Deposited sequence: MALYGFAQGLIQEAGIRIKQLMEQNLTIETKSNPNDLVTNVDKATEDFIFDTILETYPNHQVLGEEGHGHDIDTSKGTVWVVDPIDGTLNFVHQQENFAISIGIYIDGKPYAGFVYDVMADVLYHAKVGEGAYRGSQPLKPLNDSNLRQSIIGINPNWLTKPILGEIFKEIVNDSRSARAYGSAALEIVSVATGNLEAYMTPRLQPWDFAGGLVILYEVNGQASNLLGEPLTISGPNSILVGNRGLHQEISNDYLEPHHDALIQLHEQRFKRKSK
């Protein structure tokens, strides 16, 4: 539990430093807080575990299958931060020899840390989260940014799933949206593009409550590269993938290759 405990305190303490920076200043603050927060997180890890690797948003050619890897987003939801001064998270996923060990998403402005060690359950603070139950799409609320319904091809494909869902939401922080699936606040969430540091922490929490995650082609998520994202309770993950994205697989493959190849 040692490294887990170190991560937990570190992320909370980095949250306190984010609020201190916001106080002093009472689109340039967010860049500055983003760098401050990653340099603190990087330096504290390096001081204590000198051989650990850090895959970070702020930039810190890394083979994520070898040794211990911290994948960090200092501020996930930067626009939320700039415009609302809340609804943004620090996110930390920790992986050992390519394999998930622990995940953390810290809602800095509510002081709520979501966290999970692989195998040991998922938590909101000191309260355990319950396993997820299956839903049908017809009774589910889903997370999806309205901007994706405007895009060529992607638009038409996401329209049907929006149409069948009961309703749709979008909160602007991917790590917090994936946690909203883990807590049952959304039955599913999707986006065509996310960096590893936006899903790594959230994914560990999701998996402890029996949720599932894939990309839009049903392929597993890994921290080796950016990807599209579909997460949900088992049941309706399989309905969205099987009945709504499957009939459009070739078009999704083409989008995927255009976005990610090379």
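Taking the first deposited residue as 1, the stretches without any C-alpha atom are 27-34, 69-70, 273-275.
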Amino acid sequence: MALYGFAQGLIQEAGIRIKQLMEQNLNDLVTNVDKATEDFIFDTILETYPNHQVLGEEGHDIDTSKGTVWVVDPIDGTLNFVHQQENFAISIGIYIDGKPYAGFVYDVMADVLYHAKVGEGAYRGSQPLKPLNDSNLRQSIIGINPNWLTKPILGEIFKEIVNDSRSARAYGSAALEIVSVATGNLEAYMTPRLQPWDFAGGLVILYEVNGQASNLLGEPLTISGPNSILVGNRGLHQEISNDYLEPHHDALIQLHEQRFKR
From here on, numbers count along this sequence of modelled residues.
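A summary of the deposited B-factors shows that, of 76-84 and 172-180, the stretch with the larger mean C-alpha value is 76-84.
In this entry, the higher average B-factor at the C-alpha atoms falls on 50-58, of the pair 232-240 and 50-58. The residue among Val71, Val105, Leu154, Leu186 whose C-alpha carries the highest B-factor in the deposited model is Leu154.
Within the selection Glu208, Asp198, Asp63, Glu219, the deposited Cα B-factor values reach their highest point at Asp63. When all modelled residues of the chain are sorted by CA temperature factor, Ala116 is found within the middle third.
Ranked within its chain, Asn32 lands in the highest third, by CA B factor from the PDB record.
Looking at the C-alpha B-factors along this chain, the one for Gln127 belongs to the highest third. Ranked by Cα temperature factor within the chain, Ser224 sits in the middle third according to the deposited record. Sort the modelled residues of the chain by CA B factor and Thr150 lands in the highest third.
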